[PDB]
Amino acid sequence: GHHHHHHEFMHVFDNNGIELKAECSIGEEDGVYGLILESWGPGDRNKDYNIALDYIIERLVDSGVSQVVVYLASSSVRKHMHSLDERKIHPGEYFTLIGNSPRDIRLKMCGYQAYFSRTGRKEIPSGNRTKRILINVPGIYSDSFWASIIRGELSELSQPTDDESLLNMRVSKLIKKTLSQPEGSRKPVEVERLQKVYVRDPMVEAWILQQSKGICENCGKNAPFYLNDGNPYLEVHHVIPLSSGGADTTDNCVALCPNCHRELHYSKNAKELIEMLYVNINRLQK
């Protein structure tokens, strides 16, 4: 319901539950979804930008978010830069929050905004450091997650949930802590849900599997196991995902073993392997 009703801006709450002068919103823009922090304006409109950003980073880390992706989201940048790889403010595919304190992470984040102008990228970080920005956590499409980050009341890490992205996020943090044997649920709670899924083409899948000849196209190795019908098991992967508006065509699909298909989603060196395949496989067109 984003039509006929002028959406009002949400404001980030401090640790005492009190509203900050720091406009924000939760939404999707140009294929990417997350928290859109509004810019520090002329005449001190969003005076608490920096301190509000400190709290967001703080709360993401305590909720188990290790890595994020921050995009430049002022109206000019989105016009003059059409790709997602270029609108991102930081080098590498994922900005990590693990290393340092929330202020240090923020200073750096605010710093990388200065390397942008309205035409494009600058030689030096001379620009403004308090622009409109979009913070993406990969895998997370939940409005309630971002709502809690703005609100300041977070869920406990042990909290059960139906969201599998939210589960993984919490586990990734729980692995670092010493866990005693948890009791669990002998009768787990089922829940009806809606999910968005794309209609896929069996011919594009089937064509890509035949051409592979049952060998993974990233690593050189052959398929791990065989199906009941006798065929080898690989998994077809869209190099430009369908969530990010990619095509369902043979010229951006690739057959991989389960392990490599996982590598390309989550690995620390995932940017190397995705470019590597655009050289090797000549049908793959970016």
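Sequential numbering from 1, following the sequence displayed.
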So 267-275 or 5-13, which one's hotter by mean CA B-factor in the entry? 267-275
Per the entry, higher mean C-alpha B factor between 77-85 and 121-129: 77-85
Using only the C-alpha B-factors in the record, can you name which of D48, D229, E38, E58 has the highest? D229
Peak C-alpha temperature factor (PDB record), options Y71, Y94, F145, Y112: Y94
Taking the values exactly as deposited, rank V199 by C-alpha B-factor within its chain and report the matching third: lowest, middle or highest. highest
Taking the chain's C-alpha temperature factors as the reference, tell me which third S243 falls into: lowest, middle or highest. highest
Once the chain's modelled residues are ordered by C-alpha B factor and cut into thirds, is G34 in the lowest, middle or highest one? lowest
Place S66 in the lowest, middle or highest third of its chain's C-alpha B-factors, as listed in the PDB entry. middle
Test of reading the entry: by CA B factor among the chain's modelled residues, which third contains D54? lowest
